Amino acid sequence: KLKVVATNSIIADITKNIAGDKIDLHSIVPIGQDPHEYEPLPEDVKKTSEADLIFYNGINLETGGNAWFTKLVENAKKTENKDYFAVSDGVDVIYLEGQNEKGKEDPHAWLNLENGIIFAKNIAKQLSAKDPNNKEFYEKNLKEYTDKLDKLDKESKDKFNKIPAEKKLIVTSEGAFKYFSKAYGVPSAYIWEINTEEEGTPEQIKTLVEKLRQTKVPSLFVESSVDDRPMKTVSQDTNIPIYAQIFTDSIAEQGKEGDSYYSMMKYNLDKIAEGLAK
């Protein structure tokens, strides 16, 4: 069976939904861990060597740890677009605020279901290319999976319409909501823009607090994959309660709510809608 490697639990989850049990999947970044700067383990390095097909997010996700993914994929002598593929190829890339080049991209594409579908299309493409036997299975799973996602996106484009503008702000630690914001029309603020930066300096915190004091935002959120101290601080300083943990860089641990791309997207939608209705 096809030996596949996903860099993180999101891509891995999407992959499972395409490949079912037709492949040997290994997911590098453990659930709940930050996929921006990860130190691949020996099993990770071995599985990547043996892999027929490696999926990563690209658009500047796995290029901290000073390019851990690049170095992973160097050492394993793998070739871009032959052995490994960025599953974000195709997304309308959004860039980080201020800096603006290759390495100014914001990686968080998947917080837009349409992009989640693009990922699935890319994942399915490559699975088929590399394992033509199961081409049909994949495409069938794909069509089903993207329907599931598309429905959900279709249903959610409205969720936020009734939120009073001055409450309508998603606040999370990392600025991982740019795509979400664009897709569902709810602005987002944050303590640090991307996890590769210092995380939760008194300055970032002050900046966010001062922005928040100007709002009537009822709830802050905190992602499942970051230290929550900084946001607790924001919470305390603005007296805005942290309403829910949500999912940016990772799906939930096995069995919890949100433990798949689809249901983490569903969870986020729901919790944020409730959180901001409060």
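All residue numbers are counted from 1 along the displayed sequence.
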Item to check | Of 37-45 and 239-247, the one with larger mean CA B-factor | outcome: 37-45
Item to check | Residue stretch of maximal mean CA temperature factor, 119-127 vs 94-102 | outcome: 94-102
Checklist outcome for this item: Of the residues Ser88, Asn195, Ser156, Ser181, the one whose Cα carries the largest B-factor in the deposited record is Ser156
Item to check | Residue with maximal Cα B-factor (values as given in the PDB entry) among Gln204, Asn112, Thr172, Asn81 | outcome: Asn81
Checklist entry - Relative to the other modelled residues in the chain, which third contains the C-alpha temperature factor of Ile23: lowest, middle or highest? => result highest
Checklist entry - What third of its chain, lowest, middle or highest, does the C-alpha temperature factor of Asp52 fall into? => result highest
Checklist entry - What third of the chain, by the recorded C-alpha B-factor, contains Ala6? => result lowest
Checklist outcome for this item: Entry-reported C-alpha B-factor of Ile31 relative to its chain, by third, is lowest
Checklist outcome for this item: Binned into thirds over the chain's modelled residues, the C-alpha B-factor of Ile191 lands in the lowest
